[PDB]
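Two versions of one and the same chain are coming, encoded as structure tokens; call them structure 1 and structure 2.
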Structure 1
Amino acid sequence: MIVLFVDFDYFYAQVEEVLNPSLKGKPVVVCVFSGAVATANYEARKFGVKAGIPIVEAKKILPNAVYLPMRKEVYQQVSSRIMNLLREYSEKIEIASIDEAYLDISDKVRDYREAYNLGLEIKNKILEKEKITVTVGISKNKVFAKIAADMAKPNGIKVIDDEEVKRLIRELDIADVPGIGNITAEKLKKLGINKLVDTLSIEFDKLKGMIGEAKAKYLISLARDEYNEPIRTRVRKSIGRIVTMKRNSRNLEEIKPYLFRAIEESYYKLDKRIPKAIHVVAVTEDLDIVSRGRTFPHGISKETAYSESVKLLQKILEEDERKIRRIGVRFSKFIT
């Protein structure tokens, strides 16, 4: 398998510059609504503005930058044309987000040298057609192709060959692995699980007890150099997990922890999808479902999800008399 990942560099800022040529050479800061920095262009970054910071903080660092509001509709139009460009290089495309796409090019190229040249041609094609630079990472699976891009960005191209995958499995710290945070890394550190390869020194049941089933399976398959997730776009109206309990119960306290395991797995699977709706799903002992949900004016943080989920499960415990056998959550109504 040869996977080619495409990361659009500072995408909203590049689009604003393509659309407004007189902004080129000036600091440009695209803002999410204060209000935070969505993206900072070359000059804005040079003078100390980073994505994610409050706009109030951005204006203290660089008072006279050009501060623009986000025009996501416009950025989406550009993005979709670029994804279209990319299908003509492979039909096995996974649109991961507005600025990120994976291509399986196993049938398009013979080796990593050929992969590289194709990455070069994709860069040239997008620059020619859309006036936008991209980073290309290439490796044996989606995860290492994404690590590749992160080693090369911006305006770069990097291959991680089979031998480099193996060195990286040994040398990468847990926090370096795409999708895995510091909280997760810190727990694992507490066990002397430091490197990606160290996840192979722990029993699976023990690993999943500390970090959850999904993260455990993910890290282990990567460390085993066995990760081979297909490249296709999916297509999620909902993201959720239902967990079978050891025993039928109506005890809110006995039930809570499985609900939380469900929420934790769901949130890992969300990625950076932001749900506006949540439903608690209870599978009763007779194998029916009772469910209760809420749709918030605001995206649901993982905290808001814990709180709310207990409230919804409490409602279920009140308006239904059966014992609960399995329990889970569903998140839906994703912005945008």
Structure 2
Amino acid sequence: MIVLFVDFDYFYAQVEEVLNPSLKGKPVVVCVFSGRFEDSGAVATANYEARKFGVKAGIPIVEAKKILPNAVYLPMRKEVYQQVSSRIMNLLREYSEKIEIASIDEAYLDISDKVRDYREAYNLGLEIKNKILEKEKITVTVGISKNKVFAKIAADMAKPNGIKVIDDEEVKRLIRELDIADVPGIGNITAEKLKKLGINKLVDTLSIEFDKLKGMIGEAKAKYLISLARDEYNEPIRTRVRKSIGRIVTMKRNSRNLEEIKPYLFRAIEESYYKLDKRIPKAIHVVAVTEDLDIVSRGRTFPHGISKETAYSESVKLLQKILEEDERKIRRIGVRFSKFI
């Protein structure tokens, strides 16, 4: 099995550079402005010029401006990025029937029935990069290996504007030398749990009792890591089907007043239904982020589709439930629809 992973380079920022070439060469930072106050919000992404200075996705916009006050700060235009992405995804579809769109700027292609070996896989990779560059003027990084996990790892090692093949011998080397924290699906929390078990490399998961590992990180992740370490991981590339659609916004001020929160909630529902387009959900969840940034949610699944009117009435009840069961003030409020018919 041969998997080819495509990962668009610093995507949002790159799209803004393509739409406005005068920005090339300068540090560009795409931001999510919350509106609570001047420059409140976080960085969605930044081009590599800005990253050289430590500006990365996730950091407060103010922190970024303290480090790079003269960079170009742009508001995120998600709709634009989505349209460019869909066009690029359509180009990828021409190279394989078996394609998994993981997110807005990542996709896995099973090309095992398209190429004879990694030599040809590498060439298809170059062809894919050239096609996207030709059509959309966007650079991407390609990762190639025996399965989805190592194809992605390859892309991580090669970005930006790269192409990397991780052959069978290198997979074995990585199983023994790659820090387990760099394996997809292993975040800080899980990495620390593993640390306590003396596990820092995939190979280490083969020196401990499965029972002990499963007790620390759960059966799902335990079987996952072991299959990888044993080099048996071969999960198929599956066509992605949207399971949920939602919208969450930050309020001007923290609140516990139902009438003050409702407008934000209804606005989120309107935007959610716009995005649903044709899809009809059977489940609705109201999600709230409290003043201390904890996340609380209350939902309901109906035996039928949810009309926009039902969404309005039910969302109010779910919100009242949240206010009745949690005493903290709310900072962000939103909704998420799922279980489509």
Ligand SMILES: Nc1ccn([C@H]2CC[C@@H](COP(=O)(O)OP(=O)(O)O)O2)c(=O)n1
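By convention here, residues take numbers in order along the sequence of structure 1, the first being 1. Only the largest set of C-alpha atoms that superpose within 1.5 Å between the two forms is called the rigid core.
Structure identified as the form deposited without 2',3'-dideoxycytosine-5'-diphosphate: Structure 1.
Mobile residue between structures 1 and 2, C-alpha criterion 2 Å or more, rigid core, from 260, 89, 112, 218: The one that moves 2 Å or more is 260.
Hinge rotation between structures 1 and 2 - smaller rigid part turning relative to the larger, in degrees: Expressed in whole degrees, the smaller part rotates by 131 degrees between structures 1 and 2.
Value in Å for the CA shift of residue 101 between structures 1 and 2, taken after the core is superposed: Its C-alpha moves by 0.3 Å once the cores are overlaid.
Inter-form CA displacement between structures 1 and 2 at residue 187 - rigid core frame, Å: The shift comes out to 2.2 Å.
Residue 289: CA movement between structures 1 and 2 [superposed on rigid core, Å]: Value for residue 289 between structures 1 and 2: 24.9 Å of C-alpha shift.
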